[PDB]
$ cat data21.txt   # compact mmCIF, C-alpha atoms and all ligand atoms
# COMPACT_ATOMS: atom_id res chain seq x y z
CA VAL H 363 -17.80 -52.47 -171.87
CA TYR H 364 -16.38 -55.56 -170.08
CA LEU H 365 -15.72 -55.20 -166.38
CA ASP H 366 -13.41 -56.87 -163.89
CA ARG H 367 -15.52 -59.06 -161.56
CA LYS H 368 -12.95 -58.68 -158.74
CA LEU H 369 -13.22 -54.86 -159.02
CA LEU H 370 -16.98 -55.20 -158.34
CA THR H 371 -18.44 -55.51 -154.84
CA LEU H 372 -22.02 -56.71 -154.28
CA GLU H 373 -24.21 -56.02 -151.27
CA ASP H 374 -26.91 -58.53 -150.31
CA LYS H 375 -29.44 -55.68 -150.19
CA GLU H 376 -31.85 -56.14 -153.08
CA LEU H 377 -33.38 -53.34 -155.17
CA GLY H 378 -35.85 -55.46 -157.13
CA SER H 379 -36.86 -58.86 -158.50
CA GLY H 380 -38.30 -60.45 -161.63
CA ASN H 381 -38.08 -63.45 -163.95
CA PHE H 382 -34.81 -62.02 -165.32
CA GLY H 383 -33.19 -62.30 -161.87
CA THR H 384 -32.40 -59.57 -159.31
CA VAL H 385 -31.09 -55.99 -159.15
CA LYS H 386 -28.67 -55.36 -156.27
CA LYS H 387 -26.65 -52.39 -154.98
CA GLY H 388 -22.86 -52.40 -155.29
CA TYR H 389 -19.56 -50.60 -155.81
CA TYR H 390 -17.15 -50.50 -158.73
CA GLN H 391 -13.50 -49.46 -158.54
CA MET H 392 -12.97 -46.80 -161.22
CA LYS H 393 -9.58 -45.27 -162.14
CA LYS H 394 -9.13 -43.72 -158.66
CA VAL H 395 -12.57 -43.36 -157.06
CA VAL H 396 -15.19 -45.93 -156.04
CA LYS H 397 -18.52 -45.64 -157.82
CA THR H 398 -21.83 -46.79 -156.32
CA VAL H 399 -23.74 -48.98 -158.78
CA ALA H 400 -27.02 -50.77 -159.43
CA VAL H 401 -26.36 -54.23 -160.79
CA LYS H 402 -28.82 -56.28 -162.81
CA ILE H 403 -27.93 -59.98 -162.23
CA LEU H 404 -29.53 -62.68 -164.40
CA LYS H 405 -31.45 -65.70 -163.08
CA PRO H 411 -30.43 -67.92 -173.71
CA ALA H 412 -33.18 -65.33 -174.26
CA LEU H 413 -32.50 -63.50 -170.97
CA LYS H 414 -28.79 -63.08 -171.86
CA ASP H 415 -29.48 -61.65 -175.32
CA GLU H 416 -32.06 -59.28 -173.83
CA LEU H 417 -29.33 -58.15 -171.40
CA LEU H 418 -26.75 -57.66 -174.17
CA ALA H 419 -29.26 -55.78 -176.35
CA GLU H 420 -30.08 -53.51 -173.40
CA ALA H 421 -26.34 -53.03 -172.77
CA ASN H 422 -25.74 -52.26 -176.45
CA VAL H 423 -28.45 -49.60 -176.43
CA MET H 424 -27.12 -47.86 -173.31
CA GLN H 425 -23.58 -48.11 -174.68
CA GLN H 426 -24.69 -45.71 -177.41
CA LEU H 427 -26.31 -43.13 -175.12
CA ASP H 428 -24.64 -40.18 -173.45
CA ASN H 429 -26.89 -37.72 -171.63
CA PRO H 430 -27.30 -36.13 -168.13
CA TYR H 431 -30.95 -37.27 -167.94
CA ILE H 432 -30.47 -40.92 -168.83
CA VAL H 433 -29.07 -43.55 -166.44
CA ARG H 434 -25.46 -44.46 -167.46
CA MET H 435 -24.18 -47.95 -168.00
CA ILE H 436 -20.79 -48.64 -166.39
CA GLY H 437 -20.43 -51.88 -168.36
CA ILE H 438 -21.14 -55.61 -168.26
CA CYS H 439 -19.70 -58.66 -166.48
CA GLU H 440 -19.91 -62.47 -166.83
CA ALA H 441 -19.28 -64.44 -163.62
CA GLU H 442 -21.72 -66.47 -161.48
CA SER H 443 -24.35 -64.91 -163.75
CA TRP H 444 -24.51 -62.27 -166.48
CA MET H 445 -24.41 -58.80 -164.95
CA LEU H 446 -25.34 -55.33 -166.13
CA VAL H 447 -23.69 -52.67 -164.00
CA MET H 448 -25.26 -49.21 -163.99
CA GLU H 449 -24.87 -46.00 -162.04
CA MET H 450 -27.02 -45.88 -158.89
CA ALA H 451 -30.01 -43.50 -158.59
CA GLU H 452 -30.22 -43.22 -154.77
CA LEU H 453 -33.81 -41.95 -154.34
CA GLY H 454 -35.48 -44.62 -156.46
CA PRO H 455 -38.50 -44.48 -158.81
CA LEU H 456 -40.43 -41.22 -159.35
CA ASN H 457 -43.89 -42.69 -158.63
CA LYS H 458 -42.92 -44.28 -155.27
CA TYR H 459 -41.12 -41.06 -154.33
CA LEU H 460 -44.16 -38.82 -154.90
CA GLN H 461 -46.46 -41.34 -153.17
CA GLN H 462 -44.15 -41.14 -150.15
CA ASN H 463 -43.55 -37.36 -150.33
CA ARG H 464 -46.90 -35.71 -150.94
CA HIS H 465 -45.57 -32.28 -150.05
CA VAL H 466 -43.28 -32.02 -153.10
CA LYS H 467 -44.02 -28.64 -154.64
CA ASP H 468 -45.48 -27.86 -158.04
CA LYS H 469 -42.37 -26.12 -159.42
CA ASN H 470 -40.40 -29.23 -158.39
CA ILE H 471 -42.60 -31.68 -160.30
CA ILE H 472 -42.42 -29.41 -163.37
CA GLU H 473 -38.61 -29.34 -162.94
CA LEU H 474 -38.43 -33.17 -162.91
CA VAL H 475 -40.83 -33.89 -165.80
CA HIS H 476 -39.03 -31.22 -167.80
CA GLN H 477 -35.76 -33.03 -167.09
CA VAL H 478 -37.43 -36.15 -168.51
CA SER H 479 -38.42 -34.24 -171.66
CA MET H 480 -34.75 -33.29 -172.10
CA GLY H 481 -33.62 -36.91 -171.78
CA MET H 482 -36.35 -37.83 -174.25
CA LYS H 483 -35.48 -35.02 -176.66
CA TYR H 484 -31.94 -36.49 -176.72
CA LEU H 485 -33.32 -39.97 -177.40
CA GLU H 486 -35.52 -38.68 -180.23
CA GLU H 487 -32.45 -36.94 -181.67
CA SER H 488 -30.53 -40.22 -181.35
CA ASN H 489 -33.34 -42.09 -183.17
CA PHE H 490 -34.00 -44.55 -180.35
CA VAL H 491 -37.50 -45.45 -179.13
CA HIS H 492 -37.86 -46.10 -175.39
CA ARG H 493 -41.18 -48.03 -175.51
CA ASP H 494 -41.56 -48.22 -171.70
CA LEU H 495 -41.57 -44.60 -170.61
CA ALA H 496 -43.49 -44.52 -167.33
CA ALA H 497 -43.03 -42.91 -163.89
CA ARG H 498 -41.75 -46.27 -162.50
CA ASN H 499 -38.84 -45.93 -164.98
CA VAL H 500 -37.84 -42.38 -164.01
CA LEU H 501 -35.23 -42.65 -161.23
CA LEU H 502 -34.23 -39.84 -158.90
CA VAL H 503 -30.64 -38.94 -158.17
CA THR H 504 -31.89 -36.11 -155.99
CA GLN H 505 -35.34 -34.56 -155.34
CA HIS H 506 -34.23 -32.14 -158.10
CA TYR H 507 -32.49 -34.52 -160.53
CA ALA H 508 -34.30 -37.14 -162.63
CA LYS H 509 -32.94 -39.76 -165.07
CA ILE H 510 -34.66 -42.14 -167.52
CA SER H 511 -34.02 -45.89 -167.04
CA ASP H 512 -35.08 -49.40 -168.14
CA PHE H 513 -34.05 -49.68 -171.77
CA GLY H 514 -34.96 -53.38 -172.01
CA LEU H 515 -37.74 -52.72 -174.54
CA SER H 516 -35.88 -49.97 -176.41
CA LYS H 517 -34.99 -50.10 -180.11
CA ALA H 518 -32.55 -48.36 -182.41
CA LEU H 519 -34.57 -47.15 -185.41
CA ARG H 520 -33.62 -48.26 -188.94
CA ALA H 521 -32.02 -45.48 -191.04
CA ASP H 522 -34.99 -45.56 -193.46
CA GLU H 523 -37.85 -45.75 -190.93
CA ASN H 524 -39.12 -43.52 -188.10
CA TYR H 525 -40.90 -46.39 -186.29
CA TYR H 526 -40.24 -49.90 -184.95
CA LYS H 527 -42.64 -52.71 -185.84
CA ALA H 528 -43.33 -55.19 -183.02
CA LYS H 533 -46.89 -58.51 -172.20
CA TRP H 534 -47.52 -54.83 -172.94
CA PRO H 535 -47.91 -51.81 -170.57
CA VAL H 536 -51.09 -50.85 -172.49
CA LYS H 537 -51.95 -47.88 -170.22
CA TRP H 538 -48.84 -46.02 -171.43
CA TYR H 539 -49.28 -46.87 -175.13
CA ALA H 540 -50.43 -44.77 -178.06
CA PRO H 541 -53.34 -45.95 -180.27
CA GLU H 542 -50.95 -46.63 -183.19
CA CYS H 543 -48.96 -49.05 -180.97
CA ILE H 544 -52.13 -50.92 -179.95
CA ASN H 545 -53.67 -50.88 -183.44
CA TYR H 546 -50.68 -51.19 -185.79
CA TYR H 547 -47.85 -52.34 -183.45
CA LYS H 548 -45.88 -49.23 -184.45
CA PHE H 549 -43.55 -47.55 -181.97
CA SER H 550 -42.01 -44.18 -182.81
CA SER H 551 -40.76 -41.21 -180.78
CA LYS H 552 -44.28 -39.76 -181.12
CA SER H 553 -45.62 -42.87 -179.37
CA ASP H 554 -43.05 -42.17 -176.64
CA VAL H 555 -44.55 -38.66 -176.44
CA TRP H 556 -47.91 -40.31 -175.67
CA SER H 557 -46.29 -42.25 -172.78
CA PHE H 558 -44.68 -38.99 -171.60
CA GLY H 559 -48.21 -37.60 -171.22
CA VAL H 560 -49.29 -40.55 -169.09
CA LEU H 561 -45.99 -40.13 -167.19
CA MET H 562 -46.89 -36.40 -166.67
CA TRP H 563 -50.35 -37.31 -165.34
CA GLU H 564 -48.74 -39.81 -162.93
CA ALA H 565 -46.30 -37.18 -161.61
CA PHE H 566 -49.00 -34.61 -161.00
CA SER H 567 -51.13 -37.31 -159.38
CA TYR H 568 -48.26 -37.99 -156.98
CA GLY H 569 -47.55 -41.48 -158.31
CA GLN H 570 -51.08 -42.83 -158.76
CA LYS H 571 -51.57 -45.56 -161.37
CA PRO H 572 -53.29 -44.17 -164.49
CA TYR H 573 -56.76 -45.37 -165.56
CA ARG H 574 -57.41 -46.75 -162.06
CA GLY H 575 -59.66 -49.83 -161.91
CA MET H 576 -59.75 -50.29 -165.68
CA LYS H 577 -58.52 -53.21 -167.74
CA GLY H 578 -56.33 -52.58 -170.81
CA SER H 579 -59.20 -53.06 -173.27
CA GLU H 580 -61.49 -50.66 -171.39
CA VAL H 581 -58.72 -48.02 -171.63
CA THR H 582 -58.45 -48.63 -175.38
CA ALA H 583 -62.22 -48.27 -175.73
CA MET H 584 -62.12 -45.08 -173.60
CA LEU H 585 -59.41 -43.41 -175.76
CA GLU H 586 -61.06 -44.44 -179.03
CA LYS H 587 -64.14 -42.51 -177.82
CA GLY H 588 -62.10 -39.29 -177.46
CA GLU H 589 -62.04 -39.64 -173.66
CA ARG H 590 -58.98 -38.66 -171.61
CA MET H 591 -58.00 -38.70 -167.92
CA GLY H 592 -59.11 -35.64 -165.94
CA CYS H 593 -56.88 -32.90 -164.56
CA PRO H 594 -55.20 -34.11 -161.34
CA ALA H 595 -55.92 -32.06 -158.20
CA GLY H 596 -53.73 -28.95 -158.12
CA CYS H 597 -52.23 -29.47 -161.59
CA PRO H 598 -51.66 -26.17 -163.41
CA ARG H 599 -53.98 -25.92 -166.43
CA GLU H 600 -50.94 -25.25 -168.67
CA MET H 601 -49.48 -28.64 -167.71
CA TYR H 602 -52.77 -30.45 -168.14
CA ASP H 603 -53.04 -28.83 -171.58
CA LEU H 604 -49.64 -30.34 -172.43
CA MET H 605 -50.80 -33.79 -171.26
CA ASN H 606 -53.77 -33.57 -173.61
CA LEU H 607 -51.60 -32.37 -176.50
CA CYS H 608 -49.35 -35.40 -175.87
CA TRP H 609 -52.54 -37.49 -176.03
CA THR H 610 -53.23 -36.51 -179.64
CA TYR H 611 -54.79 -39.50 -181.37
CA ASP H 612 -53.26 -38.92 -184.79
CA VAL H 613 -49.50 -39.64 -184.69
CA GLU H 614 -48.92 -37.04 -187.40
CA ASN H 615 -50.52 -34.20 -185.42
CA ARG H 616 -48.96 -35.14 -182.07
CA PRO H 617 -45.92 -33.00 -181.09
CA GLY H 618 -42.39 -34.45 -180.89
CA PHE H 619 -40.11 -34.04 -177.86
CA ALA H 620 -38.42 -30.96 -179.30
CA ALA H 621 -41.71 -29.00 -179.05
CA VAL H 622 -42.78 -30.74 -175.80
CA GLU H 623 -39.48 -29.96 -174.04
CA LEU H 624 -39.66 -26.30 -175.21
CA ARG H 625 -43.22 -25.93 -173.86
CA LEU H 626 -42.05 -27.30 -170.50
CA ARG H 627 -38.85 -25.23 -170.53
CA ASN H 628 -40.77 -22.00 -171.12
CA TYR H 629 -43.35 -22.79 -168.46
CA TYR H 630 -40.80 -23.82 -165.83
CA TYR H 631 -39.02 -20.48 -166.27
CA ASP H 632 -42.37 -18.68 -165.78
CA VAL H 633 -42.90 -20.56 -162.51
CA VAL H 634 -39.27 -19.90 -161.55
CA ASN H 635 -39.85 -16.20 -162.31
CA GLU H 636 -43.20 -15.96 -160.46
CA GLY H 637 -41.63 -17.50 -157.33
CA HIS H 638 -39.19 -14.58 -157.18
CA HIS H 639 -42.08 -12.11 -157.45
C1 LIG H 701 -33.13 -46.91 -153.37
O1 LIG H 701 -34.32 -47.59 -153.78
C2 LIG H 701 -34.31 -47.80 -155.14
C3 LIG H 701 -33.25 -47.35 -155.93
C4 LIG H 701 -33.23 -47.56 -157.31
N1 LIG H 701 -32.12 -47.05 -158.01
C5 LIG H 701 -31.67 -47.51 -159.24
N2 LIG H 701 -30.75 -46.80 -159.88
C6 LIG H 701 -30.28 -47.18 -161.06
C7 LIG H 701 -30.76 -48.35 -161.62
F1 LIG H 701 -30.34 -48.78 -162.83
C8 LIG H 701 -31.72 -49.08 -160.94
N3 LIG H 701 -32.20 -50.24 -161.53
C9 LIG H 701 -33.21 -51.08 -161.05
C10 LIG H 701 -33.40 -51.32 -159.68
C11 LIG H 701 -34.41 -52.18 -159.27
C12 LIG H 701 -35.21 -52.79 -160.25
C13 LIG H 701 -34.95 -52.51 -161.60
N4 LIG H 701 -33.99 -51.68 -161.95
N5 LIG H 701 -35.74 -53.11 -162.59
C14 LIG H 701 -36.91 -53.70 -162.22
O2 LIG H 701 -37.61 -54.21 -163.07
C15 LIG H 701 -37.32 -53.72 -160.76
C16 LIG H 701 -38.29 -52.57 -160.47
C17 LIG H 701 -38.03 -55.05 -160.46
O3 LIG H 701 -36.20 -53.64 -159.86
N6 LIG H 701 -32.14 -48.64 -159.76
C18 LIG H 701 -34.31 -48.24 -157.92
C19 LIG H 701 -35.38 -48.71 -157.14
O4 LIG H 701 -36.45 -49.39 -157.67
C20 LIG H 701 -36.40 -49.45 -159.11
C21 LIG H 701 -35.38 -48.50 -155.75
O5 LIG H 701 -36.44 -48.93 -154.99
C22 LIG H 701 -36.24 -50.22 -154.42

$ encode --input "data21.txt" --output "C-alpha cells"
Amino acid sequence: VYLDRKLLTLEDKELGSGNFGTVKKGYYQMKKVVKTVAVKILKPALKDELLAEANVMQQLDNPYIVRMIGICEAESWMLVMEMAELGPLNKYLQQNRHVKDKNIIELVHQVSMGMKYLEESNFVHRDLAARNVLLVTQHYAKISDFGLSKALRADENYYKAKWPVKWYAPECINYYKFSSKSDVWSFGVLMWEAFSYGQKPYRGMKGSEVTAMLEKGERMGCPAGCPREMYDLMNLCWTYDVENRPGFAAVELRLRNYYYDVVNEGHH
C-alpha cells in the first residue's frame, strides 16, 4: 500500500480541486511498465479521511471499480489511483449528445455490476452519482469516489450517520440509515442522469423541495428517448419502502437481460 515517492511522477495539469487539496495526473513505475495515474494530493481530519478511503479501496477488487495503486507521504499525503482517461459520465454525455441508447444501457449496466460486487462485499458507497462514474473508454465505466463509503458491521445491513440530498433515499434523509438498498435509490437517480445526457436531477429545486416531492409519491419524468423498460427500472429503484426496493443482484439482472435484447435487436 505504501509507494516510493521517487517512482512517482507528477504533471502540473490538474484534474480537480476542493478543500481536501487537488487531484493531478501522473505516472507510476510498476514492476516493468509505467502506469498512468490520478493522484489525490492533500491541502488531521483530511488525512484520516484519506486513509479511510485508501483502506476501503484496498479491500476492493473489481473490473468496474477504480483501482487504488497505493498511498504516499511526501510534500503532502497522496492517494494514487488508476487513471480513467475520459473523465466523469455526466460531463461526457453533456459533451457527446450523440451517444447511442445501447451504449448508455451498456455503461449503466456496467455500473450495476460494480455495485452488485460492492453489495456482495457489504460496503455502502453513499455517493453514487453520474459525477462519480468515470469512463476508461466510451464503452467502459468504473465507479469512483469512495470518500463517503463504509464497511458494514457484521451484524447490521446499514450504516448510521453536507449531503447530496438529490441522490438520497427517504430512509437516509429520515433515519440517517445507509444500506445497499439506499445505494440502489442513488443508482436510479444515476440512471435518470445518464439518460438525460448528464443533466442535474430535480432541476431548480432545493433539497427540501425534493424531499417534499418524493414524500408525495412524485418522481422525475421519463427523459426524452429513454426506453420505457429503463424508465420502469428507475421507478422500481425509487421504491419508497427500503424493504420492497430491489437490491443490485436483481437490478443488474434486469439490466443484463435488457441489454442483451437491445444487442440482439441491433443484429436484426
Ligand atoms: C480527463 O478528465 C478527467 C479525468 C478524470 N479521471 C480520473 N480517473 C481516476 C480518478 F481516480 C480520478 N479522480 C478524480 C479526479 C478529479 C477530481 C476527483 N477525483 N475528485 C473530485 O472531487 C474532483 C471532481 C474535484 O476532482 N479521475 C476525472 C475527471 O474529473 C473527475 C476529469 O475531468 C477533469

$ residues_around --input "data21.txt" --residues "region 405-413 of chain H" --least-positions-apart "3" --cutoff "10 Å" --atoms "only C-alpha atoms" --output "list in words"
residues 379, 380, 381, 382, 383, 384, 402, 416, 417, 418, 419, 442, 443 and 444 of chain H

$ residues_near_ligand --input "data21.txt" --ligand "ligand LIG 701 (chain H)" --cutoff "10 Å" --atoms "all atoms listed in the file" --output "number ranges by chain"
H: 375-387, 398-402, 432-435, 446-456, 458-459, 498-503, 509-514

$ residues_around --input "data21.txt" --residues "region 627-630 of chain H" --least-positions-apart "6" --cutoff "12 Å" --atoms "all atoms listed in the file" --output "PyMOL selection string"
chain H and resi 468-480+598-601+603-604+619-621+636-637

$ closest_residue --input "data21.txt" --among "H:457, H:567, H:516, H:635" --to "residue 492 (chain H)" --atoms "all atoms listed in the file"
H:516

$ closest_atom_pairs --input "data21.txt" --of "region 581-600 of chain H" --to "region 528-546 of chain H" --cutoff "12 Å" --atoms "only C-alpha atoms" --output "JSON lines"
{"residue": "H:581", "atom": "CA", "partner": "H:537", "partner_atom": "CA", "distance": 6.9}
{"residue": "H:582", "atom": "CA", "partner": "H:541", "partner_atom": "CA", "distance": 7.6}
{"residue": "H:583", "atom": "CA", "partner": "H:541", "partner_atom": "CA", "distance": 10.2}
{"residue": "H:584", "atom": "CA", "partner": "H:541", "partner_atom": "CA", "distance": 11.1}
{"residue": "H:585", "atom": "CA", "partner": "H:541", "partner_atom": "CA", "distance": 8.0}
{"residue": "H:586", "atom": "CA", "partner": "H:541", "partner_atom": "CA", "distance": 8.0}
{"residue": "H:587", "atom": "CA", "partner": "H:541", "partner_atom": "CA", "distance": 11.6}
{"residue": "H:588", "atom": "CA", "partner": "H:541", "partner_atom": "CA", "distance": 11.4}
{"residue": "H:590", "atom": "CA", "partner": "H:537", "partner_atom": "CA", "distance": 11.7}
{"residue": "H:591", "atom": "CA", "partner": "H:537", "partner_atom": "CA", "distance": 11.2}

$ atom_distance --input "data21.txt" --atom1 "CA of residue 403 (chain H)" --atom2 "CA of residue 515 (chain H)"
17.3 Å

$ axis_aligned_box --input "data21.txt" --around "region 552-555 of chain H" --padding-each-side "8 Å" --output "AutoDock Vina command-line options"
--center_x -44.3 --center_y -40.8 --center_z -178.8 --size_x 18.6 --size_y 20.2 --size_z 20.7

$ build_atoms --input "data21.txt" --residues "region 425-460 of chain H" --atoms "N, CA and C atoms" --output "mmCIF file, in the frame of the given file"
data_model
loop_
_atom_site.group_PDB
_atom_site.id
_atom_site.type_symbol
_atom_site.label_atom_id
_atom_site.label_comp_id
_atom_site.auth_asym_id
_atom_site.auth_seq_id
_atom_site.Cartn_x
_atom_site.Cartn_y
_atom_site.Cartn_z
ATOM 1 N N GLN H 425 -24.952 -48.341 -174.237
ATOM 2 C CA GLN H 425 -23.580 -48.110 -174.680
ATOM 3 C C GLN H 425 -23.516 -46.966 -175.678
ATOM 4 N N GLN H 426 -24.617 -46.745 -176.384
ATOM 5 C CA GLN H 426 -24.690 -45.710 -177.410
ATOM 6 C C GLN H 426 -25.132 -44.361 -176.866
ATOM 7 N N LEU H 427 -25.648 -44.335 -175.638
ATOM 8 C CA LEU H 427 -26.310 -43.130 -175.120
ATOM 9 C C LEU H 427 -25.473 -42.379 -174.102
ATOM 10 N N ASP H 428 -25.530 -41.053 -174.186
ATOM 11 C CA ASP H 428 -24.640 -40.180 -173.450
ATOM 12 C C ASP H 428 -25.383 -38.872 -173.158
ATOM 13 N N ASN H 429 -26.030 -38.823 -171.994
ATOM 14 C CA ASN H 429 -26.890 -37.720 -171.630
ATOM 15 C C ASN H 429 -27.084 -37.618 -170.107
ATOM 16 N N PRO H 430 -27.105 -36.382 -169.565
ATOM 17 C CA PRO H 430 -27.300 -36.130 -168.130
ATOM 18 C C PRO H 430 -28.599 -36.718 -167.545
ATOM 19 N N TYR H 431 -29.626 -36.857 -168.378
ATOM 20 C CA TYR H 431 -30.950 -37.270 -167.940
ATOM 21 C C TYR H 431 -31.312 -38.682 -168.335
ATOM 22 N N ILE H 432 -30.290 -39.512 -168.503
ATOM 23 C CA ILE H 432 -30.470 -40.920 -168.830
ATOM 24 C C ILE H 432 -29.470 -41.712 -167.999
ATOM 25 N N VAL H 433 -29.947 -42.700 -167.250
ATOM 26 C CA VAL H 433 -29.070 -43.550 -166.440
ATOM 27 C C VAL H 433 -27.889 -44.077 -167.301
ATOM 28 N N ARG H 434 -26.668 -43.986 -166.763
ATOM 29 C CA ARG H 434 -25.460 -44.460 -167.460
ATOM 30 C C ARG H 434 -25.196 -45.926 -167.184
ATOM 31 N N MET H 435 -24.710 -46.619 -168.198
ATOM 32 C CA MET H 435 -24.180 -47.950 -168.000
ATOM 33 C C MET H 435 -22.682 -47.827 -167.692
ATOM 34 N N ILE H 436 -22.219 -48.571 -166.693
ATOM 35 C CA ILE H 436 -20.790 -48.640 -166.390
ATOM 36 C C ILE H 436 -20.144 -49.714 -167.272
ATOM 37 N N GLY H 437 -20.865 -50.814 -167.464
ATOM 38 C CA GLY H 437 -20.430 -51.880 -168.360
ATOM 39 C C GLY H 437 -21.098 -53.179 -167.994
ATOM 40 N N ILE H 438 -20.575 -54.280 -168.526
ATOM 41 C CA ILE H 438 -21.140 -55.610 -168.260
ATOM 42 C C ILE H 438 -20.093 -56.561 -167.676
ATOM 43 N N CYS H 439 -20.546 -57.730 -167.220
ATOM 44 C CA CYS H 439 -19.700 -58.660 -166.480
ATOM 45 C C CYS H 439 -20.293 -60.073 -166.477
ATOM 46 N N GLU H 440 -19.531 -61.057 -166.967
ATOM 47 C CA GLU H 440 -19.910 -62.470 -166.830
ATOM 48 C C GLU H 440 -19.131 -63.155 -165.706
ATOM 49 N N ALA H 441 -19.868 -63.706 -164.744
ATOM 50 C CA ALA H 441 -19.280 -64.440 -163.620
ATOM 51 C C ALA H 441 -20.222 -65.555 -163.183
ATOM 52 N N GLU H 442 -20.728 -65.496 -161.949
ATOM 53 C CA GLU H 442 -21.720 -66.470 -161.480
ATOM 54 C C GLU H 442 -22.958 -66.397 -162.366
ATOM 55 N N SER H 443 -23.303 -65.170 -162.758
ATOM 56 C CA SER H 443 -24.350 -64.910 -163.750
ATOM 57 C C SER H 443 -23.906 -63.752 -164.642
ATOM 58 N N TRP H 444 -24.694 -63.470 -165.674
ATOM 59 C CA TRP H 444 -24.510 -62.270 -166.480
ATOM 60 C C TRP H 444 -24.980 -61.033 -165.720
ATOM 61 N N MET H 445 -24.167 -59.984 -165.753
ATOM 62 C CA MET H 445 -24.410 -58.800 -164.950
ATOM 63 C C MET H 445 -24.351 -57.520 -165.758
ATOM 64 N N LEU H 446 -25.320 -56.644 -165.515
ATOM 65 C CA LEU H 446 -25.340 -55.330 -166.130
ATOM 66 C C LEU H 446 -25.202 -54.288 -165.030
ATOM 67 N N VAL H 447 -24.081 -53.580 -165.064
ATOM 68 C CA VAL H 447 -23.690 -52.670 -164.000
ATOM 69 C C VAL H 447 -23.973 -51.233 -164.419
ATOM 70 N N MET H 448 -24.868 -50.580 -163.684
ATOM 71 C CA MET H 448 -25.260 -49.210 -163.990
ATOM 72 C C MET H 448 -25.049 -48.293 -162.809
ATOM 73 N N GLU H 449 -25.015 -46.991 -163.080
ATOM 74 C CA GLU H 449 -24.870 -46.000 -162.040
ATOM 75 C C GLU H 449 -26.121 -45.993 -161.158
ATOM 76 N N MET H 450 -25.928 -45.789 -159.859
ATOM 77 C CA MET H 450 -27.020 -45.880 -158.890
ATOM 78 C C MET H 450 -27.785 -44.548 -158.741
ATOM 79 N N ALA H 451 -29.105 -44.605 -158.932
ATOM 80 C CA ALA H 451 -30.010 -43.500 -158.590
ATOM 81 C C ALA H 451 -30.545 -43.696 -157.165
ATOM 82 N N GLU H 452 -30.008 -42.940 -156.208
ATOM 83 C CA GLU H 452 -30.220 -43.220 -154.770
ATOM 84 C C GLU H 452 -31.655 -43.124 -154.261
ATOM 85 N N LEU H 453 -32.444 -42.213 -154.834
ATOM 86 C CA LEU H 453 -33.810 -41.950 -154.340
ATOM 87 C C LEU H 453 -34.888 -42.857 -154.945
ATOM 88 N N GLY H 454 -34.523 -43.664 -155.924
ATOM 89 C CA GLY H 454 -35.480 -44.620 -156.460
ATOM 90 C C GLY H 454 -36.478 -44.030 -157.441
ATOM 91 N N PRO H 455 -37.526 -44.810 -157.766
ATOM 92 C CA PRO H 455 -38.500 -44.480 -158.810
ATOM 93 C C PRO H 455 -39.384 -43.276 -158.461
ATOM 94 N N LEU H 456 -39.652 -42.456 -159.474
ATOM 95 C CA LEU H 456 -40.430 -41.220 -159.350
ATOM 96 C C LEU H 456 -41.843 -41.415 -158.762
ATOM 97 N N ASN H 457 -42.554 -42.453 -159.189
ATOM 98 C CA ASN H 457 -43.890 -42.690 -158.630
ATOM 99 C C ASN H 457 -43.859 -42.987 -157.120
ATOM 100 N N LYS H 458 -43.009 -43.927 -156.693
ATOM 101 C CA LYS H 458 -42.920 -44.280 -155.270
ATOM 102 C C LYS H 458 -42.491 -43.080 -154.443
ATOM 103 N N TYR H 459 -41.595 -42.261 -155.001
ATOM 104 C CA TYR H 459 -41.120 -41.060 -154.330
ATOM 105 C C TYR H 459 -42.262 -40.106 -154.012
ATOM 106 N N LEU H 460 -43.051 -39.771 -155.033
ATOM 107 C CA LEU H 460 -44.160 -38.820 -154.900
ATOM 108 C C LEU H 460 -45.296 -39.376 -154.038
#
